[PDB]
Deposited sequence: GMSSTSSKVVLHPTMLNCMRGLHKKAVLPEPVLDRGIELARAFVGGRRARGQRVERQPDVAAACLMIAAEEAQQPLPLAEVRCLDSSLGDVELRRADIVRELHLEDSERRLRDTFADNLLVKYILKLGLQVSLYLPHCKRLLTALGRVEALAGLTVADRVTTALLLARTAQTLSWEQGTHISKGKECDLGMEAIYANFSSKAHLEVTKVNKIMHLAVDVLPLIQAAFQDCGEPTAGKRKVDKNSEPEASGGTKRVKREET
């Protein structure tokens, strides 16, 4: 199965900017060939090839427990569209429902670990704590609508800047995190301002 140049170029470019391991790209290529080969054999149009590429890469990255959240994908390539729809299409047509359910269950931990390692922080300290912060955040009404990735970002930055560990420059910290995570600093500011405003509610959920 020969993939369209735009499909390959997008995947290679995004994989490069994400600083992902080589065999993740190879897995991304394999998923795309199978999906594209499936569609071609049934006479189905392959729409939005760059988005299909991103989605294949994300499945691959999650399988290697090096998750690539959508917020990062949009920050690395601002032109990509409805990547989530394509991911659902791939999962369904390649029959990956059982694997996808496992990926969804481990996504939060694996992203936490990824960010903790990127920030030069100690996993054995931050992981079990930020995990508990994560659970707390989901029980806070004002924070409904935050994505899993938004909650991971919030839990880590709260643990790093809001002294939440005692429950058991600031712009420069958010900016450094944002660069290292390949996230939009303005989106991180917004999520944090929302979480910081409702700080005592997060604490009560935590305790």
| item | value |
| --- | --- |
| Gaps in the model, given as deposited-sequence positions counted from residue 1 | 1 to 8, 177 to 189, 229 to 260 |
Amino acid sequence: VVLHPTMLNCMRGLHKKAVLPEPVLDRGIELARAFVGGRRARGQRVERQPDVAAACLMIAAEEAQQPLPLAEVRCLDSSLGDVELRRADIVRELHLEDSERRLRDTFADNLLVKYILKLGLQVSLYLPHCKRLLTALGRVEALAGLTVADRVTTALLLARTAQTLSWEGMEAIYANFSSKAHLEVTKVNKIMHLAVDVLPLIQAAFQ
From here on, numbers count along this sequence of modelled residues.
query: Stretch with the greater mean C-alpha B-factor as recorded in the entry, comparing 4 to 12 against 197 to 205; finding: 4 to 12
query: Higher-scoring stretch by recorded Cα B factor average, 111 to 119 or 94 to 102; finding: 94 to 102
query: Of the residues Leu80, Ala71, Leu125, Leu85, the one carrying the largest Cα B-factor as recorded; finding: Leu125
query: Per the PDB entry, maximal CA B factor within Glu141, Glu62, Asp51, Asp150; finding: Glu141
query: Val46 - Cα temperature factor, lowest/middle/highest third of chain; finding: highest
query: CA B-factor placement of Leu57, once the chain's modelled residues are sorted into thirds; finding: lowest
query: Chain third (lowest, middle, highest) by recorded CA B-factor, residue given as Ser178; finding: middle
query: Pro67, C-alpha B-factor rank within chain (lowest, middle or highest third); finding: lowest
query: Among modelled residues of the same chain, the CA temperature factor third for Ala172; finding: highest
